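Written out below as structure tokens is the structure these notes cover.
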Amino acid sequence: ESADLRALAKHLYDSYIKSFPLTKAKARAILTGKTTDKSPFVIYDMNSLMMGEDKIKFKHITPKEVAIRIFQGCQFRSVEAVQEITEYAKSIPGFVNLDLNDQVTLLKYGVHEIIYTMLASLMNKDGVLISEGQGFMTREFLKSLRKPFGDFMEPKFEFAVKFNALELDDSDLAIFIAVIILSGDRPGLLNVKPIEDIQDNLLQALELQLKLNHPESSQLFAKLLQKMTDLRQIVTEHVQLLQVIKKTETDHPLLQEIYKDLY
Amino acid sequence: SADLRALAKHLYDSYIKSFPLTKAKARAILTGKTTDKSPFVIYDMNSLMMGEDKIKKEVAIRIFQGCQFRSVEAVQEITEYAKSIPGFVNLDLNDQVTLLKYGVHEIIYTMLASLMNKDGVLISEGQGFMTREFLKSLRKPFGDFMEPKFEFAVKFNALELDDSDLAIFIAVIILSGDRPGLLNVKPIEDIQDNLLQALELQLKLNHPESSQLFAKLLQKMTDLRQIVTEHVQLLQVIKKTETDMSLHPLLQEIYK
Ligand SMILES: Cc1c(C)n(Cc2ccc(Cl)c(OCC(=O)O)c2)c2ccc(C(=O)NCc3ccc(C(C)(C)C)cc3)cc12
Ligand SMILES: Cc1c(C)n(Cc2ccc(Cl)c(OCC(=O)O)c2)c2ccc(C(=O)NCc3ccc(C(C)(C)C)cc3)cc12
């Protein structure tokens, strides 16, 4: 069965690769200057953004204020992320054989956590990759947006730095992501047995992958599990904010229906 | 590996030495394993009337008031326990203070599960039982205050941890790298990294049936935090309203 856990691990990595265009390896390149291919357009102050939008050209333009056009771009891209993560989750052994109600429940509450995890791979302490890699937006500029949106992006940076210090690679993350999805304590799951049975195989595969790939750091597995509560914390804070954008900010119907804050 | 069993034993020893009401003892009282231990139930107002003569300001207030003064005696207790943990005394004194004052809520609720079942919680050092319903039949603000504790407890007690596990887990909680205000997090993580090494082995030997117990326990921190937040949120609504939530010298210095 040691031989199985190694293949569950290789299985998830391929799908992870097929499911997610912008991998951590590919991000970490763009960030360091590791390739001689392209380089990110940078967004450091109010000036830089102006010029950015022309050369960079985004998908989420909606012909508002700057800080709103960012938030919503974040949300557009997260709706994109959901479909990628929805594809990935189908590849996890057993998952599709689950009750459809549970499938939906698991994704519904899983996706925020998986987005913040993957966002860590696009960040360093100084900013974050945007627009499928082609841009870079500084942490300072994000911290300088107006009263509500100044703190928006900051908890994720705090987490990212802590998280990225574990130095995980995509193969480790592909298994970590499967674990978050198959979290058998989502509200309203109908049949928790097969969910935990699968989570149990995934943890065993994760545990083993971490040992072989990161032998130098003992209790990396435990360190990683602790970060699920960090992830979970960032989500309650994000729901805290979404409530005070509903209550204070003013917004098309079909745009707020595409970007339906699930809960 | 055998040097980790040694550490587990040390912690379990100082755990028993530091806390008078073990899980073990509480389970006996709640099951009636020999009946000189049988607790007095409080489930209504005449029961509470009778129970002040029986056991060791408005009524719902005076519950919360005693419910808080029991927690300061719990901090006294947790501080002793921390001091027994290899390394903790060697840290920057300021970190000691910090490390505790954040961890004390999280450990309280962990140990309070040991006092709890579906229907109620033990009070007055084991001597009493107070009903989940009678707790949540207090007229607000206080009618919501114990109910999230019961929710965590039932799902936490699910794991069936015995005291020799709770001791190590509670060590893990105290020594959190992620606390705000820590000068040297590095040494803090060096200890926790071993504690975790110890908790893992412990849980395979004591619970060999349970395959991902290690993982499933560590995951409970999320609930354990969620409940801690709700406590102060609530404790600040009472703050400006209630006359007069008066405080001990160890109450006030935790958040103000
Ligand atoms: C996936 C993702 C990325 C790549 N970023 C980085 C980012 C930062 C800044 C900008 Cl202007 C940005 O522009 C969009 C783009 O370049 O594609 C992207 C996120 C910044 C924030 C978030 C985020 O907080 N998502 C929360 C969220 C929002 C909505 C959902 C739904 C309702 C779709 C399920 C989930 C999670 C997600 C992302
Ligand atoms: C330790 C503890 C017990 C044994 N109970 C159950 C309980 C319920 C009802 C009553 Cl009347 C009660 O009486 C006290 C007693 O039994 O002697 C005990 C808690 C019920 C609630 C809480 C609780 O929510 N404590 C939170 C808290 C409050 C203050 C702190 C400080 C600020 C001192 C650090 C931490 C945590 C703790 C306990």
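Protein sequences appear in the order of chains B and A. Numbering-wise, the first sequence is residues 235 to 297, 303 to 490, 494 to 505 according to PDB author numbering. Numbering-wise, the second sequence is residues 236 to 291, 303 to 502 according to PDB author numbering. Virtual Cβ for every residue (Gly too), placed ideally from N, Cα, C.
Give me whichever residues DSSP pairs with residue i in a beta bridge.
i, result
"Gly366(B)", "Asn363(B) and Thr377(B)"
"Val478(B)", "BP columns for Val478(B) are empty, so no partner."
"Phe275(B)", "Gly374(B)"
Only counting the same chain, and skipping five residues up and downstream in sequence, which positions put a Cβ closer than 8 Å to that of residue i?
i, result
"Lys291(A)", "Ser370, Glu371 and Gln373"
"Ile419(B)", "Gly349, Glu352, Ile353, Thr356, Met467 and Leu470"
"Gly267(A)", "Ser273"
"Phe315(B)", "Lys293, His294 and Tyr501"
"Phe275(B)", "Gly286, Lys289, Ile290, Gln373, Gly374 and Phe375"
"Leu481(B)", "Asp503"
"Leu358(A)", "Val367, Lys395 and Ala399"
Do you know offhand how far residue i's Cα is from residue j's?
i, j, result
"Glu446(B)", "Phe460(B)", "6 Å"
"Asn430(A)", "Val335(A)", "14 Å"
"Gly366(B)", "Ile309(A)", "50 Å"
"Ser360(A)", "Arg262(A)", "8 Å"
"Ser456(A)", "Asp409(A)", "17 Å"
"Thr344(A)", "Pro426(A)", "8 Å"
"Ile484(A)", "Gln311(A)", "12 Å"
"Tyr505(B)", "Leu428(B)", "15 Å"
"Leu283(B)", "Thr475(B)", "30 Å"
"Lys252(A)", "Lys258(A)", "13 Å"
"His245(A)", "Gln458(B)", "21 Å"
"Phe380(B)", "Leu265(B)", "18 Å"
"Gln472(B)", "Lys386(B)", "22 Å"
"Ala243(B)", "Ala320(B)", "22 Å"
"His477(B)", "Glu393(B)", "11 Å"
"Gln479(B)", "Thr487(B)", "13 Å"
"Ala413(A)", "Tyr247(A)", "5 Å"
"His494(B)", "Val305(B)", "17 Å"
"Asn340(A)", "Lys432(A)", "15 Å"
Would you please state the rounded distance, in angstroms, between the beta carbons of residue i and residue j? I believe it to be under 8 Å.
i, j, result
"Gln443(B)", "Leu239(B)", "6 Å"
"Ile307(A)", "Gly286(A)", "The Cβ separation is near 16 Å, so there is no contact."
"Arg378(B)", "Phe396(B)", "5 Å"
"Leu463(A)", "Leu441(A)", "Contact doesn't hold; Cβ gap of about 13 Å is too wide."
So, helix, strand or coil for residue i, using DSSP?
i, result
"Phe415(B)", "helix"
"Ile473(A)", "helix"
"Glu499(A)", "coil"
"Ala404(B)", "coil"
"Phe391(A)", "coil"
"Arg316(A)", "helix"
"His494(B)", "coil"
"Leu339(B)", "helix"
"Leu429(B)", "coil"
"residue 491(B)", "It's not possible to place residue 491(B) here, given that chain B moves directly from 490 to 494."
"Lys386(A)", "coil"
"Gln465(A)", "coil"
"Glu397(A)", "helix"
"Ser410(A)", "helix"
"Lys289(A)", "helix"
"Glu455(A)", "coil"
"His351(B)", "helix"
"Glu435(A)", "helix"
"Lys486(B)", "coil"
"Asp424(A)", "coil"
"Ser236(A)", "coil"
"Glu304(A)", "coil"
"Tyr247(B)", "helix"
"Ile331(B)", "coil"
"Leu504(B)", "coil"
"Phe460(B)", "helix"
Give me, in chain order, the residues of the same chain whose beta-carbon lies closer than 7 Å to that of residue i; leave out the 5 immediate sequence neighbours on both sides.
i, result
"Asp411(A)", "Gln448, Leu449 and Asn452"
"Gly389(A)", "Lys382 and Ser383"
"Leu256(B)", "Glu371 and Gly372"
"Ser249(B)", "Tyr327 and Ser330"
"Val318(B)", "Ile500 and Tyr501"
Between residue i and the rest of its own chain, which residues show a CB-CB distance below 6 Å, the 5 nearest in sequence each way excluded?
i, result
"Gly333(B)", "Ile437"
"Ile324(B)", "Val350 and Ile353"
"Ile416(B)", "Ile353"
"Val400(B)", "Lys364"
"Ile434(A)", "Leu421 and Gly423"
"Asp338(B)", "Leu429 and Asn430"
State yes or no: is the C-beta of residue i nearer than 7 Å to some heavy atom of ligand 4?
i, result
"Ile354(B)", "Ligand 4 is not part of this structure, which contains only ligand 1 and ligand 2."
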